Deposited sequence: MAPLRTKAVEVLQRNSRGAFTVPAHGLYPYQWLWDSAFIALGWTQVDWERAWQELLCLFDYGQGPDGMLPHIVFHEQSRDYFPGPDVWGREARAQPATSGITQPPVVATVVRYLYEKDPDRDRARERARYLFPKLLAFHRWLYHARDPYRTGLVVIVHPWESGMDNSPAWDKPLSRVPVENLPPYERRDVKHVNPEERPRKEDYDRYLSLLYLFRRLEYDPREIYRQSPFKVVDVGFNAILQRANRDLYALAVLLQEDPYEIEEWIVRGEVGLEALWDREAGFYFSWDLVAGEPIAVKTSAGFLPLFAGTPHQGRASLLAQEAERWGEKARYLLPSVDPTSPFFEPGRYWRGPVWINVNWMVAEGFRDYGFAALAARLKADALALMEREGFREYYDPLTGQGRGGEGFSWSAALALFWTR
């Protein structure tokens, strides 16, 4: 059965206080993955759920507040000296997860201590994001590397990647490396990099996840009687920003290319995420529902990472068509919030169906349902568990 196997995947991937994204990988912890995985652990051990995140912050956060998309522990970690880490970040879904753990932990004493310990660290991460990636206080942050979107080869990044002057067991990169070399040359000065990076994009997914996190960080601040001053500012500006990404003519949310100074006219699953942030009004959400329905007419399993009718659509190629469980989850949550129960139910049904038939894989072919990528993929198992709690 799904749940028992899911728990087996997590234990197997467990390395003390953190969980590796998939089987066969080195003992490295990932920011985005660990957040989703924590939700999974709530169905097994709450202390272990909390430890996943404590480990991420304690061993991965620097004095500037940034949370690296990867912490190179190179070893197992005991429950709550400094390992190496990446120099970039990834989707900040963590605050949304921490709010859940805090509100649902049966042990109230533990919840208060863990939430109070993590709050300032969460504040620091959000602060870094805006100070470093939104210096002009627009309300929107930019990613300087396609990897930061957590959707590596999304077709939306194609053009942007083009201008760049030159995790998986199963065996572009030239340009991904160039950016890192540039960041190195600039000795990672936030001010300089934001100004010089040849790749600067306002990712709709990254920002929607961040706006939802801001909203949840605020709730956490009030419940713990912390000062919400800074969070309030991010929320108000963020509300204006995310909604600006809506393209009336195309009837969809697009990411923006600030280098070119234009919207990236490519419809991907990330464009549905503002539903998760809760910014659109009902009319806009229904246009999104209609679009998701359109996609369902060309794919068997719901929510391909890219419009099935898009010329960039490829059924089994990472983020260029395949179905992802974490995205199905966030989008379903959002549709439910706007009253599209049936659409939300379909997303969950397809997600559970895929994992039941193929097991816990990284992504799935939307036309055949074939599993792809890593095996025993952690947040597919974690979300299977959290999904059916």
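Chemist: Got a list of the deposited-sequence ranges with no coordinates?
Modeler: No C-alpha coordinates exist for 1-2, 83-93, 180-190, 196-202.
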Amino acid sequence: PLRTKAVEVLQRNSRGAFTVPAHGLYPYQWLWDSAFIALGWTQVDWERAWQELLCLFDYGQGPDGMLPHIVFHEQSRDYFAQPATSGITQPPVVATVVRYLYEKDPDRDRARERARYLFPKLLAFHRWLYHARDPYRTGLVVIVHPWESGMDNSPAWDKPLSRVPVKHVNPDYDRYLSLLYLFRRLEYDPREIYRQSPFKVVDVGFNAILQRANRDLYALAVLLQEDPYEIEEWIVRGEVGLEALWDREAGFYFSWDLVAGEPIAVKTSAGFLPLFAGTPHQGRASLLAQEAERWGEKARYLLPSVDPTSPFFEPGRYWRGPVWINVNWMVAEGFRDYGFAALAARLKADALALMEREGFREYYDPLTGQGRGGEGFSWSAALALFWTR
From here on, numbers count along this sequence of modelled residues.
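Chemist: Across the other PDB entries of this protein that were compared, is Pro171 absent from at least a third?
Modeler: Yes.
Chemist: Find out whether the coordinates of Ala81 are absent in at least a third of the other compared PDB entries of the same protein.
Modeler: Looking at the other entries that model residues on either side of it, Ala81 is missing from at least a third.
Chemist: Compare the mean C-alpha B-factor of 84-92 with that of 216-224 as given in the PDB entry, and name the stretch with the higher value.
Modeler: Taking the mean B-factor of the alpha carbons in each, 84-92 is higher.
Chemist: Read off the CA B-factors in the entry, average them over 257-265 and over 193-201, and name the higher stretch.
Modeler: Per the PDB record, 193-201.
Chemist: If you compare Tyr79, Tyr229, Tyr117, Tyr102, which has the highest Cα B-factor in the entry?
Modeler: Highest C-alpha B-factor among the listed options: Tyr79.
Chemist: Per the coordinate record, which of the options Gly271, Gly296, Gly241, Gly283 holds the highest CA temperature factor?
Modeler: Spelled out: the listed residue with the top C-alpha B-factor is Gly296.
Chemist: Is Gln211 in the lowest, middle or highest third of its chain when residues are ranked by C-alpha B-factor?
Modeler: For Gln211, whose C-alpha B-factor we compare with every modelled residue in the chain, the answer is the lowest third.
Chemist: Using the B-factors in the PDB entry, rank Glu74's C-alpha atom against the chain and give the third, lowest, middle or highest.
Modeler: Highest third.
Chemist: Would you mind checking where the Cα B-factor of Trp46 ranks among the modelled residues of its chain, as the lowest, middle or highest third?
Modeler: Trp46: CA B-factor falls in the highest third of its chain.
Chemist: Would you please rank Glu333 by its C-alpha temperature factor against the other modelled residues of its chain and give the third it falls in: lowest, middle or highest?
Modeler: As the PDB entry reports it, the C-alpha B-factor of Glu333 lands in the middle third of its chain.
Chemist: Lowest, middle or highest third: where is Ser154 by Cα B-factor in its chain?
Modeler: For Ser154, whose C-alpha B-factor we compare with every modelled residue in the chain, the answer is the middle third.
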